[PDB]
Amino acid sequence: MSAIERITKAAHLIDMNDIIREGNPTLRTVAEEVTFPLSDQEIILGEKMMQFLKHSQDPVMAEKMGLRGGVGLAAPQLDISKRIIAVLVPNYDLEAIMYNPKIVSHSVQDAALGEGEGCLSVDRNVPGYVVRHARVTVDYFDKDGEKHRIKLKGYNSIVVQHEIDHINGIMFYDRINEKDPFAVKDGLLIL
């Protein structure tokens, strides 16, 4: 059966085995927008994704399930090519399951996490500053089809852009400067 059918079973607990890794084509394909109303499966998927982030952040649960801590997850990482992402940033400073998220405005200023970025789908390290917009205005729909328009900055902005990149088939290392990975370009804010 399809990944979505499998993952949305009531009994299913997403774990690292459901997360596809580099090389799997799905991570480089642009995800299909979801239509409204959402199917029960699409709603359940978003919930399963958020439960996974919560489990990955619980020391006891993370150890038992063999999970890597994460603050974001995109459906393509589960081999589901739908524009659905989940973000969970503990202070939670940000908690959202977003359907068809889209950046509708961004700052001229860029930003990058000082400590760089990792990815549950990447088993290895690619050091460097992952250059992103410092600030973004994001439109997304929640499970009931209601539209939300939020403004993000700092770490939250980074996390959300990172997940939106997945639904567009972009990986974090694609935004690190090949030549000099730690170059601090003009207008780049290091967090």
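So that there is no doubt, residue numbering starts at 1 and follows the sequence shown.
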**Asked** Should the segment between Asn91 and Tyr92 be described as having none, 1 to 3, 4 to 9, or 10 or more unmodelled residues of the deposited sequence?
**Response** 10 or more
**Message:** So, looking at the entry's B-factor column for Cα atoms, which has the higher mean, 66-74 or 146-154?
**Reply:** 66-74
**Request:** Using the B-factors recorded in the PDB entry, average over the C-alpha atoms of 130-138 and of 22-30, then report which stretch comes out higher.
**Result:** 22-30
**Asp165, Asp40, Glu47, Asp123, ranked by C-alpha B-factor: the highest one** = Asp123
**Message:** Between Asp110, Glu115, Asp79, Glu95, which one tops the list for Cα B-factor in this entry?
**Reply:** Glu115
**Request:** Consider only the C-alpha atoms of the modelled residues in this chain, order them by B-factor as the entry records it, and name the third containing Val159: lowest, middle or highest.
**Result:** lowest
